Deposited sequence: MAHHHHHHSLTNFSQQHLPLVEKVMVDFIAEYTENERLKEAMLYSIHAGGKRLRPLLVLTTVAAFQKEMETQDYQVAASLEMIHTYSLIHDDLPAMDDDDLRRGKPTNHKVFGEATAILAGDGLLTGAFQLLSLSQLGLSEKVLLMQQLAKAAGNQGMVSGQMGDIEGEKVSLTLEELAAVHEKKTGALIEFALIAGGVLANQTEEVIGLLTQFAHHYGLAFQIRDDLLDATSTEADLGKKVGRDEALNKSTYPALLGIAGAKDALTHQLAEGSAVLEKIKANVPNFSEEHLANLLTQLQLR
């Protein structure tokens, strides 16, 4: 059961986060700020995706699994703090509570985001991974979170507030803004489960489709320059179902190529994106 899994495993991820912040931060106000944004909670989808992926290959959870998932969620947490700022999305509330800068001022919010981003790389560098995988995942996390990924995605999304984006261009923004960290989750899962490059590439495909599906569902719930604005409500529902079918078709291949593979939690998370 997925809720059993998540309720066992997510408090451990959250422990890695909270303890890393309390133990590796000199300034107390900075520490408080970063803890507030972790404490506001969330789905913890990205760490959940790392861990379910590891379990999918029947490797049991290790410390190194929780550390990567924690690093990944520290990245997600920072991006929200910065995205909430007046200059960006300008959000007063997140999870029914005031946002970081509403509580702490903008200067502190900016620094907490900076602190969490640096913190994620520090944690990964100090984790219980071996040298070769530690280097691989740091590279992958930087690719996913940085100029080649999330930051370029965030810039593209903001540019799209004046210019009208086409379907391809909107999709390309989301692939960077949202899909990159989701892809890292799947890639990280494969590496942690000691898998091979064909398998890692297959997991990346799953994440590609999960990511797009996630974004279309988000736009559909929002309307109930987006997917509804371009493709129509019914056309959006088709795009969503198409993405979900592709993900299952990808999960098909992984069972065919790895006999030990258990798709049940990944299939569930994918299924949950339907309406």
property	result
Deposited-sequence stretches lacking C-alpha coordinates, listed in sequence order	1-8, 233-250, 302
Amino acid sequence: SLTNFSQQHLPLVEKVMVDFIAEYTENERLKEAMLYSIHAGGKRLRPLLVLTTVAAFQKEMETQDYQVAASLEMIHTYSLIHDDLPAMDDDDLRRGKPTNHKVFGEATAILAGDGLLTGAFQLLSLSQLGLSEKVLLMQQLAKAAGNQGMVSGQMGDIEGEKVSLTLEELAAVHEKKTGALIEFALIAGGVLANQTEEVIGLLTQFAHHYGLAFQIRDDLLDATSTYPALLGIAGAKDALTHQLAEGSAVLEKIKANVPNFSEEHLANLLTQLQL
From here on, numbers count along this sequence of modelled residues.
item	value
Which of 32-40 and 57-65 has higher mean CA B factor, as the PDB entry lists it	57-65
Which of 124-132 and 106-114 has higher mean CA B factor, as the PDB entry lists it	124-132
Peak C-alpha temperature factor (PDB record), options 73, 175, 83, 198	198
Residue with maximal Cα B-factor (values as given in the PDB entry) among 152, 164, 79, 140	164
Chain third (lowest, middle, highest) by recorded CA B-factor, residue given as residue 193	highest
Chain-relative CA temperature factor third for residue 90	middle
Record-listed C-alpha B factor of residue 46: chain third	lowest
Where the record places residue 17 (Cα B-factor, split into thirds across the chain)	middle
Assigned third (lowest, middle, highest) for the C-alpha B factor of residue 183	lowest
